[PDB]
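Engineer: My structure is below; once you've seen it, I'll send some questions.
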Amino acid sequence: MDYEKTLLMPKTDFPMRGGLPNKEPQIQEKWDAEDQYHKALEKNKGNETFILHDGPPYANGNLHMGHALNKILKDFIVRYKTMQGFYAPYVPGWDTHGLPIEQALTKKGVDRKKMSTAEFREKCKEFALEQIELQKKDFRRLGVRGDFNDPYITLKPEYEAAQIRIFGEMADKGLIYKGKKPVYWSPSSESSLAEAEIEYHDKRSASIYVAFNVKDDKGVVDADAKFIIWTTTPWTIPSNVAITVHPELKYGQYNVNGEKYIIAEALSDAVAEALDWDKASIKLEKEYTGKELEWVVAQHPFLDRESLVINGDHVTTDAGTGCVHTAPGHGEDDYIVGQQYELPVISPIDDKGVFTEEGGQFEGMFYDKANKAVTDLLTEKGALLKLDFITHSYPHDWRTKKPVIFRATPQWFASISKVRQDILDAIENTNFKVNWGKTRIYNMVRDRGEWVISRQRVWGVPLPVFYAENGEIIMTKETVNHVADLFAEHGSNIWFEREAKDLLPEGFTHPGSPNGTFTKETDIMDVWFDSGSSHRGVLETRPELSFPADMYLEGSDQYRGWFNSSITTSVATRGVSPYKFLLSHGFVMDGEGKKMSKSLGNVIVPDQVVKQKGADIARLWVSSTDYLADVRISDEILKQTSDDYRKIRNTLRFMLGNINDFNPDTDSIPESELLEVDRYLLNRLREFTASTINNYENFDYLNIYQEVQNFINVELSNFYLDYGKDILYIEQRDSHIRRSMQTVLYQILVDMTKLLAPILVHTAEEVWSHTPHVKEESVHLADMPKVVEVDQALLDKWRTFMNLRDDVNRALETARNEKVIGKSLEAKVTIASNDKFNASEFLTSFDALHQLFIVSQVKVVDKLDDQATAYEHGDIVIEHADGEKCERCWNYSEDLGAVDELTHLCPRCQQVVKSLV
RNA sequence: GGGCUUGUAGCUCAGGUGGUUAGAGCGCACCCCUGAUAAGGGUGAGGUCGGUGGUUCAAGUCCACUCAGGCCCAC
Ligand SMILES: C/C(=C\C(=O)OCCCCCCCCC(=O)O)C[C@@H]1OC[C@H](C[C@@H]2O[C@H]2[C@@H](C)[C@H](C)O)[C@@H](O)[C@H]1O
Ligand SMILES: [K+]
Ligand SMILES: [Mg+2]
Ligand SMILES: [Mg+2]
Ligand SMILES: [Mg+2]
Ligand SMILES: [Mg+2]
Ligand SMILES: [Mg+2]
Ligand SMILES: [Mg+2]
Ligand SMILES: [Mg+2]
Ligand SMILES: [Mg+2]
Ligand SMILES: [Mg+2]
Ligand SMILES: [Mg+2]
Ligand SMILES: [Zn+2]
Ligand SMILES: [Zn+2]
């Protein structure tokens with residue numbers, strides 16, 4: 001007859017293959033339907049709280065692997081805290097203002113000039129919300145649990161109003177002020193431009209050398225040797241302002257003939273070389289320290305009146321002559337280092353290349369031809385020049401293809417310098433996972449210049465400022481807070497819909513404008529300000545949250561980004577960091593650790609990992625990366641992830657099928673009555689559990705990925721589950737020995753699925769769904785197993801038994817290569833003490849060595865002759881087992897018997913079978 | 001160029017105060033099993049630690065320089 005019918009084979013419909021791309025949507029569908037997000041919250045209703053504040057991704061485009069890495073790590077954290085009983089609301093957010101979106105619309109074919117600000121802004125909003133829906137869909141497909149149905153958005157009235165109140169408070173503490181800054185300006189478009197509207201094209205520029213003297217006397221500290229000058233911009237000459245000097249680097253030359261001017265060290269060679277001067281390459285003499293040449297007061301001719309100073313510099317040396325000269329009226333950093341000191345803003349020029357003030361003969365022409373021929377009047381006619389024509393790449397208006405120039409424009413600033421030390425101190429009191437995180441942002445805030453907070457665009461939050469003709473600036477608590485009031489109720493659009501007096505309080509009045517009339521600012525705030533105020537607009541505003549967030553977690557680029565604008569803004573108005581803990585991760589690279597491009601074809605997108613392999617696979621990958629640095633993804637990397645996932649899943653499947661008939665409520669064996677081998681695994685489970693919780697407490701998911709594998713592969717699959725077959729399949733269903741293993745098997749099943757739940761969200765649920773008798777619905781609404789003390793002596797004892805098992809297996813291998821044995825069951829193992837190990841005594845405290853080694857018989861003797869091979873754990877002798885093969889359990893027995901139609905059954909199996917019938 | 005950061009076996013990772021033949025899991029090779037079967041067991045082969053030079057009796061582990069990466073600036 002057939003023996004398999006009497007066997008107890010595993011039973012479960014839990015599939016070996018995941019089918020993730022088709023199973024996960026259903027599971028997600030159910031989680032939403034049963035509003036688990038809010039259920040998870042009410043489950044921990046009055047417990048300690050954990051607030052992880054989400055940084056708002058930009059509402060434009062497709063999520064990339066970075067969004068996935070970042071969101072999945074966040075979910076790990078909140079899920080684990082939730083599973084430890086913490087009330088941990090996770091509310092995603094979206095960054096919705098900014099130039100990029102205005103551009104998307106324009107590129108889409110919207111066209112501002114043809115509808116008005118109000119209609120264009122609504123178009124931006126409509127677009128942002130559409131993008132959000134798409135992104136929200138993708139985020140949820142990763143298995144992330146969060147308030148996705150009621151996320152915070154920077155375009156929401158309440159958020160905008162909060163942002164305004166932040167602007168108001170900073171303005172009150174005197175941290176907001178109006179000034180000016182140079183910006184790309186297109187005389188063609190009669191408007192300023194951002195780098196995104198700039199494209200380079202070669203241009204004909206007449207470069208000249210205007211060597212200017214060093215009169216006065218304050219600068220005659222070292223002779224009266226003139227200071228040369230070279231500008232590729234003749235119109236950038238009527239801007240008499242300082243010169244240059246890169247501290248440390250010195251040299252002055254002072255050479256024969258001419259006037260013994262000044263060049264430089266690494267410059268000299270490539271300086272006079274083109275100066276046409278080479279009257280016997282005359283040698284230098286009295287070089288006078290560059291760096292130290294500060295305040296070397298020098299009158300710069302051409303029709304000057306003021307002498308130009310010189311201060312520290314940042315980047316000057318190169319093919320470009322050592323003589324730079326400045327004029328904050330038309331220069332990027334030419335304005336920074338050139339302003340700290342009493343410096344008057346130079347040059348005019350209206351929205352058109354035309355100027356007026358200070359302009360001599362050229363009082364109404366342009367910045368071009370009015371130079372190359374006009375201003376070229378004032379040149380070598382006293383400053384020794386060399387009018388040359390050169391070609392180089394130059395900034396151009398991308399639509400008009402015409403040249404762009406720098407021009408100082410009124411801008412608004414946030415006074416970082418006044419709150420600097422305050423931010424530094426808040427950082428010092430901020431916790432970090434790694435010390436360099438603290439150092440990076442520290443030096444950041446330390447070397448940070450003033451914050452330009454204004455932009456001349458329409459898609460954003462308006463600076464709540466009003467102007468009173470007579471002078472200007474109306475920015476008081478009353479005015480800002482009333483604007484906040486309106487914004488809170490109508491949103492920012494109100495600003496573009498109403499007149500100034502409608503945006504002002506109760507029939508407001510001010511000394512300015514005796515006629516009760518007012519003007520309003522038009523600039524909007526920099527988007528960094530928008531997100532940077534998220535701690536106010538969401539943490540302080542929403543009921544479920546609390547201002548100081550337990551932590552912020554984002555990419556490395558946020559040290560200059562959201563981490564920075566958020567702390568700057570929070571310290572300014574609250575005096576504290578908006579985050580008690582700052583955790584950052586790296587970027588996602590390809591397999592070689594190189595940037596994903598597209599021209600290179602090494603991208604890999606989240607949407608594809610999910611569709612092709614599954615969200616649970618994208619997640620396991622995350623847990624396996626050392627996120628504190630850059631991480632790497634590729635097809636070979638993911639094939640690995642797939643292979644580990646299959647092993648975890650398959651192992652869980654086997655355990656599931658073998659506890660299908662186990663009812664914990666009535667079949668469990670007391671710990672004190674478990675077979676010792678079962679108590680050993682129960683303790684390996686406790687050890688693995690303790691270790692994993694610790695890892696979760698430290699955000700060390702990589703350690704869990706590593707340990708889970710070793711526990712699943714080595715302890716379970718390789719050993720316990722294998723050895724268990726001779727028990728689970730053969731013993732009587734309700735026998736003490738079978739129920740003892742099931743008792744531990746069940747606990748491991750349950751606990752391990754719970755311990756993995758934060759990571760393998762879908763599979764954990766699917767396994768939970770196939771486990772009999774689990775209390776709660778959903779693993780995700782259950783608590784982590786409690787950490788208990790392990791029996792260390794039991795562990796050491798079995799650790800040694802395991803190392804002894806390896807020697808046996810080695811002995812079994814040798815014998816198997818010799819065809820002496822096939823499966824380990826056809827073997828008889830004899831072992832005895834060695835000089836290296838007292839095997840005989842040690843093996844005395846173990847039961848059923850034959851089952852433990854998966855062999856038919858084990859004989860412990862005491863001593864073996866010089867036939868037995870020696871092992872680290874004793875001498876071992878392997879030979880084919882005695883007796884005949886029992887057709888049921890496949891162990892060899894010398895006492896096979898028949899039970900009715902079933903022959904060749906060992907005594908053990910005869911008993912099990914007889915109890916069937 | 002500046003701040004911070006990474007480089008150990010095919011892959012992902014371990015390797016306190018420097019000290020015998022650098023560890024793990026997977027993968028791979030070969031063998032066994034065929035009662036987890038688009039499964040399972042076993043053995044074994046692979047790194048000299050990005051490079052060079054030093055400190056030291058002795059360095060993956062300390063120093064210097066260097067190569068190739070990464071984020072953010074300077075640009
Ligand atoms: C880890 C990251 C990128 C990455 O890993 O790079 C992924 C690879 C890019 C894909 C390449 C495409 C081809 C392009 C080509 O051709 O070159 C960065 C992080 O991202 C996630 C989150 C985004 C939020 O909005 C940011 C917020 C906080 C602030 C308020 O704005 C944030 O945490 C951010 O710091
Ligand atoms: K088999
Ligand atoms: Mg680790
Ligand atoms: Mg294995
Ligand atoms: Mg390597
Ligand atoms: Mg490697
Ligand atoms: Mg590492
Ligand atoms: Mg191996
Ligand atoms: Mg080498
Ligand atoms: Mg050496
Ligand atoms: Mg020596
Ligand atoms: Mg060491
Ligand atoms: Zn061109
Ligand atoms: Zn039997």
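Chain labels run A, B, ... following the order of the structure tokens; each chain numbers its residues from 1, and ligands are numbered from 1 in the order shown.
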Residues of chain B within 10 Å of chain A, using only C-alpha atoms (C1' of nucleotides), as a PDB file with C-alpha atoms (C1' of nucleotides), in the first residue's frame?
Structural biologist:
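Listing of result_34.pdb after writing:
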ATOM      1  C1'   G B   1      39.779  75.128  -5.291  1.00  0.00           C
ATOM      2  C1'   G B   2      36.327  74.635  -0.173  1.00  0.00           C
ATOM      3  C1'   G B   3      33.005  71.762   3.734  1.00  0.00           C
ATOM      4  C1'   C B   4      31.379  66.830   4.712  1.00  0.00           C
ATOM      5  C1'   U B   5      31.680  61.961   2.844  1.00  0.00           C
ATOM      6  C1'   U B   6      32.776  56.581   0.288  1.00  0.00           C
ATOM      7  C1'   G B   7      36.176  52.731  -1.651  1.00  0.00           C
ATOM      8  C1'   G B  10      31.007  37.898  -7.993  1.00  0.00           C
ATOM      9  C1'   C B  11      26.719  40.822  -4.566  1.00  0.00           C
ATOM     10  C1'   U B  12      25.319  43.190   0.260  1.00  0.00           C
ATOM     11  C1'   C B  13      27.934  43.700   4.551  1.00  0.00           C
ATOM     12  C1'   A B  14      31.423  42.333   9.791  1.00  0.00           C
ATOM     13  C1'   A B  24      29.165  36.158   7.486  1.00  0.00           C
ATOM     14  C1'   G B  25      24.862  35.240   4.305  1.00  0.00           C
ATOM     15  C1'   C B  26      23.871  35.007  -0.646  1.00  0.00           C
ATOM     16  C1'   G B  27      25.816  33.614  -5.379  1.00  0.00           C
ATOM     17  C1'   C B  31      27.826  16.083  -4.887  1.00  0.00           C
ATOM     18  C1'   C B  32      23.147  14.019  -2.330  1.00  0.00           C
ATOM     19  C1'   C B  33      17.860  13.943  -2.069  1.00  0.00           C
ATOM     20  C1'   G B  35       7.517  13.141   1.074  1.00  0.00           C
ATOM     21  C1'   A B  36       8.901  21.967   1.202  1.00  0.00           C
ATOM     22  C1'   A B  38       9.699  26.611 -10.501  1.00  0.00           C
ATOM     23  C1'   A B  39      11.669  23.186  -3.420  1.00  0.00           C
ATOM     24  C1'   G B  40      15.355  20.752   0.350  1.00  0.00           C
ATOM     25  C1'   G B  41      20.512  18.840   2.472  1.00  0.00           C
ATOM     26  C1'   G B  42      25.977  18.708   2.204  1.00  0.00           C
ATOM     27  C1'   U B  43      31.044  19.962   0.930  1.00  0.00           C
ATOM     28  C1'   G B  69      33.510  58.126  -6.653  1.00  0.00           C
ATOM     29  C1'   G B  70      29.132  61.374  -3.926  1.00  0.00           C
ATOM     30  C1'   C B  71      26.365  65.640  -1.928  1.00  0.00           C
ATOM     31  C1'   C B  72      26.705  70.767  -1.550  1.00  0.00           C
ATOM     32  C1'   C B  73      29.357  75.343  -2.741  1.00  0.00           C
ATOM     33  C1'   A B  74      33.044  78.134  -5.180  1.00  0.00           C
ATOM     34  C1'   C B  75      31.597  78.353 -10.647  1.00  0.00           C
TER      35        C B  75
END
Engineer: Please list as a PDB file with N, CA, C and O atoms (P, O5', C5', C4', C3', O3' and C1' of nucleotides), in the first residue's frame every residue within 10 Å of residue 15 (chain B), counting only C-alpha atoms (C1' of nucleotides) and excluding residues in the same chain fewer than 5 positions away.
Structural biologist:
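Output contents, as saved in out_28.pdb:
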ATOM      1  P     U B   8      35.037  48.099  -0.944  1.00  0.00           P
ATOM      2  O5'   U B   8      36.046  47.257  -0.043  1.00  0.00           O
ATOM      3  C5'   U B   8      37.405  47.067  -0.439  1.00  0.00           C
ATOM      4  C4'   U B   8      37.988  45.872   0.278  1.00  0.00           C
ATOM      5  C3'   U B   8      37.226  44.581   0.046  1.00  0.00           C
ATOM      6  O3'   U B   8      37.610  43.908  -1.143  1.00  0.00           O
ATOM      7  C1'   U B   8      37.484  44.881   2.346  1.00  0.00           C
ATOM      8  P     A B  22      44.376  35.446   6.502  1.00  0.00           P
ATOM      9  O5'   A B  22      42.923  35.528   7.163  1.00  0.00           O
ATOM     10  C5'   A B  22      42.727  36.155   8.438  1.00  0.00           C
ATOM     11  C4'   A B  22      41.576  37.148   8.390  1.00  0.00           C
ATOM     12  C3'   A B  22      40.294  36.681   7.727  1.00  0.00           C
ATOM     13  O3'   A B  22      39.510  35.975   8.663  1.00  0.00           O
ATOM     14  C1'   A B  22      40.795  38.902   7.059  1.00  0.00           C
ATOM     15  P     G B  23      39.509  34.374   8.645  1.00  0.00           P
ATOM     16  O5'   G B  23      38.066  34.032   9.215  1.00  0.00           O
ATOM     17  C5'   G B  23      36.948  33.923   8.345  1.00  0.00           C
ATOM     18  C4'   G B  23      35.745  34.586   8.962  1.00  0.00           C
ATOM     19  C3'   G B  23      34.464  34.432   8.171  1.00  0.00           C
ATOM     20  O3'   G B  23      33.854  33.193   8.490  1.00  0.00           O
ATOM     21  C1'   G B  23      34.746  36.699   8.757  1.00  0.00           C
ATOM     22  P     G B  60      47.752  45.116   6.704  1.00  0.00           P
ATOM     23  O5'   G B  60      46.631  46.224   6.466  1.00  0.00           O
ATOM     24  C5'   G B  60      45.928  46.315   5.222  1.00  0.00           C
ATOM     25  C4'   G B  60      44.542  46.891   5.438  1.00  0.00           C
ATOM     26  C3'   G B  60      44.406  47.898   6.572  1.00  0.00           C
ATOM     27  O3'   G B  60      44.784  49.211   6.166  1.00  0.00           O
ATOM     28  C1'   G B  60      42.601  46.361   6.639  1.00  0.00           C
ATOM     29  P     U B  61      45.621  50.151   7.172  1.00  0.00           P
ATOM     30  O5'   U B  61      44.763  50.178   8.510  1.00  0.00           O
ATOM     31  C5'   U B  61      43.551  50.923   8.608  1.00  0.00           C
ATOM     32  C4'   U B  61      43.062  50.896  10.034  1.00  0.00           C
ATOM     33  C3'   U B  61      44.144  51.236  11.047  1.00  0.00           C
ATOM     34  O3'   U B  61      44.377  52.649  11.179  1.00  0.00           O
ATOM     35  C1'   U B  61      43.029  49.238  11.704  1.00  0.00           C
TER      36        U B  61
END
Engineer: Please identify every polymer residue within 9 Å of ligand 10, using only C-alpha atoms (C1' of nucleotides) and all ligand atoms, and present the set as a list in words.
Structural biologist: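 After applying the 9 Å limit, what remains is residues 53, 54 and 59 of chain B.
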Engineer: With N, CA, C and O atoms (P, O5', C5', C4', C3', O3' and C1' of nucleotides) retained, export the selected residues as a PDB file, in the first residue's frame.
Structural biologist:
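Written file, selection_2.pdb:
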ATOM      1  P     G B  53      55.631  51.269  -2.207  1.00  0.00           P
ATOM      2  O5'   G B  53      56.067  52.481  -1.269  1.00  0.00           O
ATOM      3  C5'   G B  53      56.664  53.642  -1.831  1.00  0.00           C
ATOM      4  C4'   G B  53      56.695  54.771  -0.823  1.00  0.00           C
ATOM      5  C3'   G B  53      57.159  54.349   0.559  1.00  0.00           C
ATOM      6  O3'   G B  53      58.574  54.306   0.632  1.00  0.00           O
ATOM      7  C1'   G B  53      55.234  55.712   0.760  1.00  0.00           C
ATOM      8  P     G B  54      59.279  53.694   1.937  1.00  0.00           P
ATOM      9  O5'   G B  54      58.967  54.788   3.051  1.00  0.00           O
ATOM     10  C5'   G B  54      58.880  54.438   4.421  1.00  0.00           C
ATOM     11  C4'   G B  54      58.198  55.538   5.201  1.00  0.00           C
ATOM     12  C3'   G B  54      58.072  55.258   6.684  1.00  0.00           C
ATOM     13  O3'   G B  54      59.270  55.671   7.317  1.00  0.00           O
ATOM     14  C1'   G B  54      55.984  55.989   5.852  1.00  0.00           C
ATOM     15  P     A B  59      53.380  45.968   9.147  1.00  0.00           P
ATOM     16  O5'   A B  59      51.920  46.065   9.767  1.00  0.00           O
ATOM     17  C5'   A B  59      50.945  45.053   9.514  1.00  0.00           C
ATOM     18  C4'   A B  59      49.579  45.677   9.341  1.00  0.00           C
ATOM     19  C3'   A B  59      49.417  46.613   8.152  1.00  0.00           C
ATOM     20  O3'   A B  59      49.150  45.910   6.933  1.00  0.00           O
ATOM     21  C1'   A B  59      48.653  47.704  10.104  1.00  0.00           C
TER      22        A B  59
END
Engineer: Can you pull out every residue from region 514-751 of chain A that DSSP, working from the backbone, puts in strand (DSSP E), and format the result as a list in words?
Structural biologist: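 So the strand (DSSP E) residues in region 514-751 of chain A would be residues 519, 520, 524, 525, 551, 552, 553, 554, 555, 581, 582, 583, 584, 585, 588, 589, 631 and 632 of chain A.
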Engineer: Would you output that residue set with N, CA and C atoms, as a CSV table (one decimal), in the first residue's frame?
Structural biologist:
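Contents of the output file selection.csv:
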chain,number,residue,atom,x,y,z
A,519,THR,N,0.6,101.4,-1.6
A,519,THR,CA,1.1,100.5,-2.6
A,519,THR,C,1.5,99.2,-2.0
A,520,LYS,N,1.6,98.1,-2.7
A,520,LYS,CA,1.9,96.8,-2.2
A,520,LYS,C,3.1,96.2,-2.9
A,524,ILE,N,7.6,87.5,-4.3
A,524,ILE,CA,7.1,86.3,-3.6
A,524,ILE,C,8.3,85.7,-2.8
A,525,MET,N,8.0,84.8,-1.9
A,525,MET,CA,9.1,84.2,-1.2
A,525,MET,C,9.7,83.0,-1.8
A,551,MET,N,12.2,63.9,15.0
A,551,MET,CA,13.2,63.8,13.9
A,551,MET,C,12.8,64.2,12.5
A,552,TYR,N,13.8,64.6,11.8
A,552,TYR,CA,13.7,65.0,10.4
A,552,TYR,C,14.6,64.0,9.7
A,553,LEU,N,14.2,63.4,8.6
A,553,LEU,CA,15.0,62.4,7.9
A,553,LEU,C,14.9,62.7,6.4
A,554,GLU,N,16.0,63.1,5.8
A,554,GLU,CA,16.1,63.4,4.3
A,554,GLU,C,17.4,63.2,3.7
A,555,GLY,N,17.6,63.4,2.4
A,555,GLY,CA,18.8,63.3,1.8
A,555,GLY,C,19.9,64.3,2.1
A,581,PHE,N,16.2,65.3,16.7
A,581,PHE,CA,17.1,64.3,16.1
A,581,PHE,C,17.2,64.5,14.6
A,582,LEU,N,18.4,64.6,14.0
A,582,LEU,CA,18.5,64.7,12.6
A,582,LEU,C,19.2,63.5,12.0
A,583,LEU,N,18.5,62.8,11.1
A,583,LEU,CA,19.0,61.6,10.4
A,583,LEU,C,19.0,61.9,8.9
A,584,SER,N,20.1,61.7,8.3
A,584,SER,CA,20.2,61.9,6.8
A,584,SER,C,20.7,60.6,6.1
A,585,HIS,N,20.3,60.5,4.8
A,585,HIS,CA,20.8,59.4,4.1
A,585,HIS,C,21.5,59.9,2.8
A,588,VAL,N,21.0,57.6,-4.3
A,588,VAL,CA,21.0,56.3,-4.9
A,588,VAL,C,21.9,56.3,-6.2
A,589,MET,N,22.9,55.4,-6.2
A,589,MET,CA,23.9,55.3,-7.3
A,589,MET,C,23.6,54.1,-8.1
A,631,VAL,N,24.0,54.8,-1.6
A,631,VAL,CA,23.6,53.4,-1.8
A,631,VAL,C,23.6,53.1,-3.3
A,632,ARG,N,23.6,51.8,-3.6
A,632,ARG,CA,23.7,51.3,-4.9
A,632,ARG,C,22.6,50.3,-5.3
Engineer: If you run DSSP over the backbone, which residues in region 554-730 of chain A end up helix (DSSP H, G or I)? Put them as a tab-separated table (two decimals) with C-alpha atoms, in the first residue's frame.
Structural biologist:
chain	number	residue	atom	x	y	z
A	556	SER	CA	22.32	64.77	2.07
A	557	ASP	CA	21.40	67.73	-0.15
A	558	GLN	CA	19.04	68.90	2.59
A	559	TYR	CA	21.90	70.06	4.81
A	562	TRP	CA	15.29	71.92	4.13
A	563	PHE	CA	17.39	71.12	7.21
A	564	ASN	CA	18.95	74.56	6.94
A	565	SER	CA	15.94	76.76	6.09
A	566	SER	CA	13.87	74.94	8.71
A	567	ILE	CA	16.26	75.45	11.59
A	568	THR	CA	17.06	79.00	10.55
A	569	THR	CA	13.41	79.89	10.54
A	570	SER	CA	12.54	77.95	13.71
A	571	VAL	CA	15.43	79.38	15.76
A	572	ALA	CA	14.63	82.91	14.59
A	573	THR	CA	11.06	82.65	15.83
A	574	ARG	CA	11.16	79.90	18.46
A	606	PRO	CA	10.79	53.01	-8.40
A	607	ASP	CA	7.75	52.48	-10.61
A	608	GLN	CA	9.64	49.73	-12.43
A	609	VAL	CA	10.93	47.92	-9.36
A	610	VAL	CA	7.38	47.80	-8.03
A	611	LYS	CA	5.64	46.67	-11.24
A	612	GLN	CA	8.34	44.15	-12.20
A	615	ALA	CA	7.06	46.83	-3.37
A	616	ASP	CA	8.29	44.28	-0.81
A	617	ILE	CA	11.37	43.81	-2.96
A	618	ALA	CA	12.10	47.55	-3.19
A	619	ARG	CA	11.79	47.63	0.60
A	620	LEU	CA	14.06	44.67	1.36
A	621	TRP	CA	16.62	46.35	-0.89
A	622	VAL	CA	16.40	49.51	1.21
A	623	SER	CA	16.94	47.58	4.45
A	635	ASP	CA	19.75	44.53	-11.87
A	636	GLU	CA	22.36	42.26	-10.34
A	637	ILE	CA	21.79	43.90	-6.94
A	638	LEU	CA	18.02	43.40	-7.16
A	639	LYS	CA	18.35	39.80	-8.41
A	640	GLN	CA	20.10	39.32	-5.05
A	641	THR	CA	17.24	41.04	-3.23
A	642	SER	CA	14.85	38.74	-5.09
A	643	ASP	CA	16.84	35.68	-4.01
A	644	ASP	CA	16.82	36.65	-0.33
A	645	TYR	CA	13.16	37.49	-0.52
A	646	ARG	CA	12.40	34.08	-2.03
A	647	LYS	CA	14.32	32.39	0.77
A	648	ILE	CA	12.53	34.32	3.51
A	649	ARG	CA	9.15	33.66	1.91
A	650	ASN	CA	9.83	29.98	1.29
A	651	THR	CA	11.04	29.42	4.86
A	652	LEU	CA	7.92	31.11	6.25
A	653	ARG	CA	5.87	28.88	3.93
A	654	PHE	CA	7.32	25.63	5.36
A	655	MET	CA	6.75	26.70	8.96
A	656	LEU	CA	3.19	27.74	8.03
A	657	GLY	CA	2.42	24.37	6.51
A	664	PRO	CA	-1.81	27.21	20.50
A	665	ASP	CA	-4.85	27.53	22.77
A	666	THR	CA	-4.91	23.77	23.44
A	667	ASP	CA	-1.84	21.98	22.04
A	671	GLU	CA	8.52	25.42	28.22
A	672	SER	CA	9.68	23.14	31.05
A	673	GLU	CA	8.39	20.11	29.14
A	676	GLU	CA	15.84	20.34	24.92
A	677	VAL	CA	16.53	20.93	21.21
A	678	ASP	CA	13.23	22.82	21.01
A	679	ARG	CA	14.15	24.90	24.09
A	680	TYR	CA	17.46	25.69	22.38
A	681	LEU	CA	15.71	27.12	19.32
A	682	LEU	CA	13.27	28.99	21.53
A	683	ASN	CA	16.37	30.69	22.95
A	684	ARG	CA	17.93	31.34	19.55
A	685	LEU	CA	14.58	33.01	18.81
A	686	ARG	CA	14.89	35.12	21.95
A	687	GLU	CA	18.46	36.08	21.09
A	688	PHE	CA	17.48	37.01	17.51
A	689	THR	CA	14.52	38.98	18.83
A	690	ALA	CA	16.63	40.93	21.36
A	691	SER	CA	19.18	41.73	18.69
A	692	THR	CA	16.59	42.87	16.15
A	693	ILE	CA	14.75	45.22	18.49
A	694	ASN	CA	18.06	46.77	19.43
A	695	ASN	CA	18.80	47.24	15.74
A	696	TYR	CA	15.41	48.87	15.22
A	697	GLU	CA	16.08	51.15	18.21
A	701	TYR	CA	18.21	47.96	9.26
A	702	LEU	CA	21.23	46.57	7.46
A	703	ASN	CA	22.08	44.59	10.57
A	704	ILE	CA	18.59	43.08	10.47
A	705	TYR	CA	18.84	42.14	6.80
A	706	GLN	CA	22.08	40.33	7.67
A	707	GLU	CA	20.83	38.64	10.82
A	708	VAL	CA	17.47	37.61	9.39
A	709	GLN	CA	19.28	35.75	6.60
A	710	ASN	CA	21.68	33.98	8.94
A	711	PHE	CA	18.79	33.00	11.21
A	712	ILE	CA	16.58	31.80	8.36
A	713	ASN	CA	19.35	29.97	6.47
A	714	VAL	CA	21.46	28.48	9.26
A	715	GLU	CA	19.25	27.94	12.33
A	716	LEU	CA	16.01	27.19	10.53
A	717	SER	CA	16.27	25.86	6.97
A	718	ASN	CA	19.67	24.14	7.15
A	719	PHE	CA	19.06	22.67	10.60
A	720	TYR	CA	15.82	22.90	12.58
A	721	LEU	CA	13.31	22.59	9.77
A	722	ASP	CA	15.31	19.80	8.14
A	723	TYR	CA	15.81	17.81	11.34
A	724	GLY	CA	12.13	18.42	12.13
A	725	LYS	CA	10.91	16.44	9.14
A	726	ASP	CA	11.63	13.15	10.91
A	727	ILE	CA	9.33	14.43	13.65
A	728	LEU	CA	6.66	16.59	12.02
Engineer: Which residues sit within 9 Å of ligand 11, counting only C-alpha atoms (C1' of nucleotides) and all ligand atoms, listed as JSON, numbers by chain?
Structural biologist: {"B": [55, 56, 57]}
Engineer: Any idea what's packed within 9 Å of residue 310 (chain A), counting only C-alpha atoms (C1' of nucleotides), ignoring anything in its chain fewer than 2 positions away? Could you give it as a VMD selection string?
Structural biologist: chain A and resid 242 to 245 293 to 297 308 312 to 313 325 338
Engineer: Near region 165-182 of chain A, within 8 Å and counting only C-alpha atoms (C1' of nucleotides), which residues show up once chain neighbours fewer than 5 positions away are dropped, as number ranges by chain?
Structural biologist: A: 328-332, 335, 406-416, 418, 463, 475-477, 480-481, 484, 533, 536, 569, 572-573
Engineer: Taking only C-alpha atoms (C1' of nucleotides) and all ligand atoms and a cut-off of 6 Å, can you tell me which residues surround ligand 14, written as a list in words?
Structural biologist: residues 886, 888, 889, 891, 905, 906, 908 and 909 of chain A
Engineer: Hey, can you spit out that residue selection with C-alpha atoms as a CSV table (one decimal), in the first residue's frame?
Structural biologist:
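And here's selection22.csv as it stands now:
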chain,number,residue,atom,x,y,z
A,886,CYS,CA,11.7,1.5,6.8
A,888,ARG,CA,7.6,5.1,6.1
A,889,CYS,CA,10.2,7.3,7.9
A,891,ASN,CA,15.4,5.4,8.7
A,905,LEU,CA,7.7,-0.4,9.0
A,906,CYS,CA,10.0,0.2,12.0
A,908,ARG,CA,8.3,3.5,15.8
A,909,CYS,CA,6.2,3.7,12.7
Engineer: If you count only C-alpha atoms (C1' of nucleotides), which residues fall within 10 Å of residue 798 (chain A), apart from same-chain ones fewer than 3 positions away, as a list in words?
Structural biologist: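 Once the adjacent positions are removed, what remains is residues 676, 677, 680, 681, 792, 793, 794, 795, 801, 802, 803, 804, 805 and 846 of chain A.
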